[PDB]
Amino acid sequence: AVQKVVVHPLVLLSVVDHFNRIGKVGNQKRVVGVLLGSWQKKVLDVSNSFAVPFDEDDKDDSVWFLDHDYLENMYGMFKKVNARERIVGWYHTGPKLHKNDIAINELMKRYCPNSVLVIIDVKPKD
Amino acid sequence: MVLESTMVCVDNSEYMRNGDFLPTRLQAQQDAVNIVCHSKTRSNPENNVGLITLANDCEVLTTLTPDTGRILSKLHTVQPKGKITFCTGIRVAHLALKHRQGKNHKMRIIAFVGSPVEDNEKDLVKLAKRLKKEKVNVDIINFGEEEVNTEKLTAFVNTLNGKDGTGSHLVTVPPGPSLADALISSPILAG
Amino acid sequence: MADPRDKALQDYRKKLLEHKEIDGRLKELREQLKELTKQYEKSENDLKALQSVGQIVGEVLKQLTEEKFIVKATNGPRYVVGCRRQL
Amino acid sequence: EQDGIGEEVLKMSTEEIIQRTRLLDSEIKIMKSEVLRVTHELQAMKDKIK
Amino acid sequence: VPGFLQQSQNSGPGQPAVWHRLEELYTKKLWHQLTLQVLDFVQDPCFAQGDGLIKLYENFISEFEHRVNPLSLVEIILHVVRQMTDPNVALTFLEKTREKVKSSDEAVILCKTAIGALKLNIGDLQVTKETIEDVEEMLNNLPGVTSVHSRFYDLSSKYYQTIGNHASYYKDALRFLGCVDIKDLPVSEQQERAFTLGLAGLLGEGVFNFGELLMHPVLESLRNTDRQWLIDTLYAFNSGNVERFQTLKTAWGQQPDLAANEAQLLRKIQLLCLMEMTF
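For the protein sequence lines, the chains are Z, b, E, F and a, in the order given.
Residues in the first sequence are numbered consecutively from 5, following the entry's author numbering.
Residues in the second sequence are numbered consecutively from 1, following the entry's author numbering.
Residues in the third sequence are numbered consecutively from 1, following the entry's author numbering.
Residues in the fourth sequence are numbered consecutively from 25, following the entry's author numbering.
Residues in the fifth sequence are numbered consecutively from 4, following the entry's author numbering.
If you want it as structure tokens, here you go:
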């Protein structure tokens, strides 16, 4: 049972840029990325994040890709430059969550058991 | 020497937990994975192979990597307890083949059928004409107990590549004592 | 000559001599992989052990306010400090 | 275990062809896939912690 | 060994088409259509008098098994140990079948309930609490079986026939009602469940009716024909009126286990009318 999460103000920001990286070709209207964090107490803390190549199709609405291989090696690099940091969960955008989010969450609970997802609102900011 | 990306598609359903293929059908299909990965590596040292499962889930346990030893580590604890799911297993196989980090390689899928399929023939022929528009040679290899030579699998082979296509072979097995010698006779070199 | 009780019995010896031969190197090689994980454990503990930027040892002289104190280093000057959050 | 050895004495093929079968099935696997997986763990870890 | 079932071919109706089919499927050395059909042919409605004529071969299946689902292995041995009808060795027989499948497979949890189901029959107090308590210690890390919730909440359902179990059974008979969902078993068992569910919630201390499970259809869609007075009186608790006619017509009808606590029924309505008239 997690008390609450703490948004370091670099992570959101680092979701806005990667939504703007693919945004020239953005028609998937969703960006999945990995939420790095610092587990402190029953209260949770977030310090950093990065992205992952993700596709998804509404046709059959269960066909999608996280990249485990990309998730192993790039997190291994962030482990090497910072031993304090580890994974705590993931994120996506496009404020209406979609039916696939059961599948992403129940997959990557084998990286951290009490994993947690955070939906940001890149366009709604009002 | 030719450039492709081979995507093996194993079954880990419950129906591979029987012994007509004499030791274990997992032990049969793993040796089939053993010979196709050593075929695609030694014929071309530049390609890459990833695995996908189909029973109860579609897991991408190895991404499309050139080293084969990661695959062989993941063939252990494969846990044959699933139930076969077929319609999403190829669409999740093809979107992997649209994640080719080298976009000059061709697109190839091999699949191991050791369980009966339960799907509409209209769904697969829509997937067949999808792969005609998407230019993918899928080599269906039959294992296990088998509703032998269904019209659905046979027409999907025909509607994979019709009007003088490639000839992506429907590999049929005689259930009994056999190696992958029937798997390597024609289809592993001429598909 | 099909099966005159010895081509039977000579087979069971040469098949079982081959299985115990190949099961032996399996146990030896798995034991070697168990050993290196113990070594890899010590390496990852050392990668964790690389950020002990130190701590400064001092003593509290008196209490100024609820979160201001007066401390002094063991060989150095005096300071006005605070606590972390929940000390 | 007198019946364990003794049934290999009066049966000519059941206690032998299956032992031919279960070895050649094992030796093409328990040799092959097992020690080659173990080979692709040790070469990685030497390319590791070094 | 094939002749073991050639002499025990009889009494399984339609003998040639099913038993010679049986001696085909394991001579193909397959183990699922073999396994699913023997589970079907024990489910075949007879006396199943050939349990001893099959428990030797099902032990033979268990000896060179090495592939078969231990879930369905214990699912068929519970029918065997039912048809044994001799609880002397059936305890030690089930302990032997539990210890010979001693892996991490989660059929051992319903072995322990099948221990307790024959242990809430004889010796009902000293270690029945422990074989209850061990299961929810193990009911962890995979809640998606729901047969673990089936067999254990049935084990606590037999624990209802102790003195100090009214509210915890009522709390748990809802849990079995919420774990398994669909109808999938006759109304001739379901309306008896809802009848003893309403009595347990009525004799329970902290509960009064705790409505909208009244809205849950396994009581009102199944007994809107007979015993409507129980649905009528549970509406009268939710109505908050005293309404001495129908709240005595339940005592006119239900004579056992209701006239012994009629003063507590009057005690409950007088504290329940307040919290609705202040609403």
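Beta carbons: idealized from backbone N, C-alpha and C, even for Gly.
Within the segment 6-33 of chain b, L22, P23, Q27, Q30 and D31 place their CB atoms closer than 7 Å to a CB of chain F, listed in sequence order.
The C-alpha of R154 (chain a) is placed about 51 Å away from the C-alpha of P187 (chain b). For the alpha helix (DSSP H) assignment, the uninterrupted runs of no fewer than 4 residues enclosed by the segment 129-197 of chain a are, from N- to C-terminal side, 131-141, 150-160 and 170-182. For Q129 (chain a) and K161 (chain a), the gap between their C-alpha atoms comes out near 15 Å. Each of a:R196, a:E208 and a:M141 was checked against the Cα of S171 (chain a), and the nearest Cα belongs to a:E208. Taking C-beta atoms as the reference points, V138 (chain a) and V151 (chain a) count as a pair closer than 9 Å.
For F112 (chain b), the number of other beta carbons within 10 angstroms of its own is at least 16, and it is reported as buried. The continuous beta strand (DSSP E) containing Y79 (chain E) extends over residues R78 to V81.
Secondary structure of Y29 (chain a) (DSSP, three-state): coil. Shown here is that no member of the segment 13-27 of chain E has a Cβ falling below 7 Å from a Cβ of chain Z. Under DSSP, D139 (chain b) forms a beta bridge with b:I110.
Contact residues of the segment 71-83 of chain b toward chain F are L72, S73, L75 and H76 (C-beta to C-beta distance below 8 Å).
Distance from the Cα of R90 (chain Z) is smallest, within the candidate group Z:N31, Z:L75 and Z:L101, for Z:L75.
Contact note: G50 (chain b) does not reach chain F at a C-beta cutoff of 9 Å; the least C-beta distance is about 16 Å. Taking C-alpha positions only, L42 (chain a) is separated from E110 (chain Z) by approximately 33 Å. Taking 9 Å as the Cβ-Cβ cut-off, the segment 86-97 of chain b approaches chain Z at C87, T88, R91, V92, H94, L95 and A96, given in chain order. Burial check for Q43 (chain F): the Cβ neighbour count within 10 Å reaches 16 or more, so the residue is buried. With a beta-carbon spacing of about 6 Å, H19 (chain E) and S50 (chain F) fall inside the 8 Å limit used to define contacts. In this structure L274 (chain a) is exposed. Its beta-carbon is surrounded by fewer than 16 other beta-carbon atoms within 10 angstroms. Interface with chain b (9 Å Cβ-Cβ cutoff): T38 (chain F) is excluded. Counting only the Cα atoms, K100 (chain Z) lies some 47 Å from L66 (chain F). For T65 (chain b), not one C-beta of chain F is nearer than 9 Å to its own C-beta. Secondary structure within the segment 38-80 of chain b: the beta strand (DSSP E) runs of 3 or more consecutive residues, fully enclosed, are 48-53 and 62-65 (chain order). With respect to the C-alpha of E4 (chain b), the residue from b:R100, b:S73 and b:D11 having the closest C-alpha is b:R100. The straight-line gap separating the alpha-carbon atoms of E78 (chain a) and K46 (chain Z) is approximately 42 Å. Not flagged as an interface residue toward chain Z: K42 (chain E), since no C-beta distance is shorter than 9 Å. In this structure, DSSP gives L60 (chain F) a helical state, which the three-state scheme calls helix. Boundaries of the beta strand (DSSP E) around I123 (chain Z): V120 to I123. For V83 (chain a), the enclosing alpha helix (DSSP H) stretches over residues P73 to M87. Inter-residue distance for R88 (chain Z) and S42 (chain Z) is about 8 Å (C-alpha atoms, whole angstroms).
Look at the segment 65-82 of chain a: the residues with a C-beta under 9 Å from a C-beta of chain b are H69, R70, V71 and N72. Among the residues of chain Z, none has a CB under 8 Å from the CB of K7 (chain E); the nearest is roughly 52 Å distant.
Partner residues in the beta bridge of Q63 (chain E), as assigned by DSSP, are E:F69. Contacts with chain b (Cβ-Cβ distance below 8 Å) from the segment 44-56 of chain F involve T45, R46, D49, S50, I52, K53 and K56, listed in chain order. Residue F:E40 holds the alpha-carbon nearest to the alpha-carbon of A2 (chain E) among F:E40, F:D27, F:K70 and F:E25. Contact between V10 (chain Z) and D49 (chain Z) holds, since their C-beta atoms are separated by about 5 Å, short of 8 Å.
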